[PDB]
Structures are given as C-alpha cells and as structure tokens.
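Taken together, the values in this text are just the output of simple stated rules run on the coordinates, not laboratory data. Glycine gets a Cβ as well: all are built from the backbone with ideal geometry, and neighbour counts include every protein chain shown.
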Amino acid sequence: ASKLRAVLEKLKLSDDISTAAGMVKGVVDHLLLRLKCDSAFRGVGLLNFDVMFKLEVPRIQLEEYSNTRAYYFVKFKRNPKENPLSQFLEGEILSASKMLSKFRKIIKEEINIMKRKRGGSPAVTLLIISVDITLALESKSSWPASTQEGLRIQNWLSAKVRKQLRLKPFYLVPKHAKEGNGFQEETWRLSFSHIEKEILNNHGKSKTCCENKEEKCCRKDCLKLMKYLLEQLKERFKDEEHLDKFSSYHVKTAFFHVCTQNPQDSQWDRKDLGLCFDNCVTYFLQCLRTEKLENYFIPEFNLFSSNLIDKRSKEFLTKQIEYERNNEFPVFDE
Ligand SMILES: Nc1nc(=O)c2ncn([C@@H]3O[C@@H]4COP(=O)(O)O[C@H]5[C@@H](O)[C@H](n6cnc7c(N)ncnc76)O[C@@H]5COP(=O)(O)O[C@@H]3[C@@H]4O)c2[nH]1
Ligand SMILES: [Zn+2]
C-alpha cells in the first residue's frame, strides 16, 4: 500500500494540464466553428486526449450488422428536403466511411498535423501532445436491444440511476466491424463514453462519496493503477506485439465489472487500497484466463473473444500480470 500510494503521487505531479486544458480547447472551439460552416456538419457540437463531436440525425433507422451486437447500419431515407447528408448515402445506408472521409478531410484542410491510427480507428488523431477527435452520430431514441442486459448498476448505483442513464442518448462512431479480410466500411459501432464518464465521476453508493474527508474511497485510484500497470507492461514489451491488442478500455471495462461486484463503498475504503487494487488485478486475470470480457453496456460483445485477441496474447499477459502480482508489482518501482 505504501508503494501503491507512491506511484499515485508519482502520477500526480503532472499543472501542465491547466495550461494544456486551455490549449486543446482553443483548437476544438476553432474546428467546431469551421465545421459548422460546411452544409453536412452544420449542427455539430461538443459532447459535454479523447474528444467526441456529436451530430444528431433525426429518425435514425438502425440495423444490427450480422450477429455482432455492437456494430450497426444506419438506414436513412434520402427524401428529407435539402439533405446535406445525401453525399454520404448508398441507397438507404448512411455510410460510416464516407462521413469519416469528409470529416477527416475538412479537419486536414484547416491549417492555422494528423496521422492515421491502426486499422479501424474511428477517430481523427491530431498531434501538436496528442488528441483524438471522433465523429459521433447522436440518437435520442431508446438504446438498442443488445444493451437490454448491459449497465448492471442496480445494486451499486440505483435502479433509479440506470433508468435515468438509459433515457439519455447513445452514440455511433465510424468504427467498422471486420469482415476478416478487411472491414465493412458502412457500419458504425455503439459508444456510451458519455455514460462511462458519468459513472466514473459519480461513482459511489453514497451520493456524497468523495465529497468529504469521511468518504474518500479509492475507486479512481484503483483504475489509475490498473491503467498504469497495462501502460507500463506495454512499454517494456513494446517490440513484443503480444500486448498491442490490449488497451486501457479493457482495463476500464474490467474495473466497471468489479464495481458491480463490490457495490458498497466500504468495499473501496482507502484504508484498503492494496486489497482493492488486488481485487481489480485478480478479476482482470480471470477475464484473460477465461477469455471473457463482456462490454459493460453490450453483454454479448466479448472484448476478449479469440476473434479479436488471440489466445497466445491473452496467456502472455496473464503470465506477466501473475508475475507482477507475485512479486509486489516490481514495475511500480522507481
Ligand atoms: N478515440 C477512440 N474512440 C473509440 O471509440 C475507439 N474504438 C477503437 N479505437 C481504436 O481503433 C483501433 C482498433 O481497435 P478495435 O476497434 O478493433 O478494438 C478496440 C475497441 O474494440 C475497444 N474499444 C476501445 N474504445 C472503445 C469504446 N469507447 N467503446 C467501445 N469499445 C472500445 O477496445 C479496443 C482497443 O481500443 P484502443 O486501443 O484504445 O484504440 C483503438 C484501436 O487502436 C478507438 N479510439
Ligand atoms: Zn468515492
């Protein structure tokens, strides 16, 4: 626990943000106005680095692509008078690739530097400090059926809170599902990143959790230490390529499942940081070992499927995390 707090303090040194928070916001506010000048993106807005540009399209018709519960076709009638989105249409299907092409195009045309990310990234990444800008369609309708059994927060947060969250919009990002050989350029993937950030900043059973010195839980610390553990092993195994499929979103997903398993705030008492971090570490090990990491909002989408991450990669990380646990986490030294 002394080492774990030493790492958190080592990760706390990074006031560079207060000046860099006003830096990236200047660029986002710029591209937010120039994009509003294009007919197709007049009506784009900031959702509430990883940035999300939302664009509400009324009466979006969704069609679950294949049997995957997360990727969808966006059906859209051409007829709506003066449609600025007709350039992205192919019959009834609203192409995710086409809209992302022109979205990337306009951003690149604004000079006042990008680099394509690995195959499938729905974002536009701008280096200056690194930024991620993702286009997202906004639907104010009910969440798709694949999310019916997701968001298992009833015993942690309230059932009251789940009903409120599921009344909020959901989003689709131009992340395409793979056809094995290549991708399906028309499909979008669901995104609940706005809900993800609500449950992280309002994370306790008590509404006043972390609002006073009596109720300082260590939930955020455990996720920080979980994210940092994966970041460090991936850096040491940089040229390994076995850890390239594992991202901090896997860690975040696993952390959410542990929160559902430990709903009480006394299970995250900061007097037990080492024990709470170990709960996160062991649950993530079972996920690798059983090859199962359900999406928190889409239960039947397995992030640890062999279709996405091979069995060799999962066991390789299992060996490394088991080592780090068995030796008081040496990667947290210095
Ligand atoms: N800024 C940003 N927002 C996204 O939603 C997103 N989704 C993917 N990516 C990047 O595209 C590439 C393709 O990975 P793939 O999609 O096949 O598996 C992805 C994806 O299935 C899943 N995932 C990541 N972010 C999300 C997310 N917000 N919602 C659901 N699933 C996600 O975890 C895997 C690894 O993600 P990252 O390694 O952090 O960056 C990925 C990756 O480099 C994203 N980048
Ligand atoms: Zn708390």
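Determine the distance separating the Cα centre of the range 72-150 from the Cα centre of the range 275-334; give it in Å without decimals.
31 Å
In nm, to one decimal, how far is the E241 label point from the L47 one, both placed 7 Å along Cα→Cβ?
3.2 nm
Within a 10 angstrom radius of the beta carbon, how do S130, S86 rank from fewest other beta carbons to most?
Lowest to highest Cβ neighbour count: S130, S86.
Which of the GluC sites (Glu not before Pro) found in the range 232-333 are in a DSSP loop and have at most 12 neighbouring Cβ atoms, other than their own, within 10 Å?
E241, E328
So for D239, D265, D333, fewest C-beta neighbours within 10 Å to most, what's the order?
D239, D333, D265
Please arrange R69, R5 by how many other C-beta atoms lie within 10 Å of their C-beta, fewest to most.
Lowest to highest Cβ neighbour count: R5, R69.
First check a/c for the range 82-162, with a ≥ b ≥ c the square roots of the eigenvalues of its C-alpha gyration tensor; if it is under 1.5, answer rounded, and if not, answer prolate when a/b is larger than b/c or oblate otherwise.
Note, shape of the range 82-162 comes out oblate.
Please give the FRET efficiency for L11 paired with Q286, using the beta carbon to beta carbon distance and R0 = 45 Å, rounded to the nearest 0.05.
The calculated FRET efficiency here is 0.95.
Going by average Cβ neighbours within 10 Å, how do the peptides 17-26, 96-105 rank, with the highest at the top? Don't skip to the answer; put the middle values down first.
Working: 17-26: 11.1, 96-105: 18.9.
For the peptides 17-26, 96-105, the packing ranking is 96-105, 17-26.
Calculated FRET efficiency, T318 and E82, Cβ-Cβ r, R0 51 Å, to nearest 0.05?
Numbers: r = 56 Å, r/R0 = 1.09.
After rounding to 0.05, the efficiency reads 0.35.
Pull up all non-local amide H partners of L303: gap of 5 or more, or a different chain, and H-to-H distance under 5 Å with H placed in the peptide plane.
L293, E294, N295
Provide the FRET efficiency to the nearest 0.05 for the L127-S306 pair, computing r from the beta carbons and using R0 = 41 Å.
Here the calculated transfer efficiency is 0.75.
Could you work out [θ]222 nm for the chain from helices alone, using -39500 (n - 2.57) per DSSP H run of at least four and dividing by all its residues? Round to the nearest 500 deg cm²/dmol.
After summing the helix terms and dividing by the residues of the chain, the value is -12500 deg cm²/dmol.
Taking the Cα centroid of the range 22-53 and of the range 152-175, what is the distance between the two, rounded to the nearest whole Å?
25 Å
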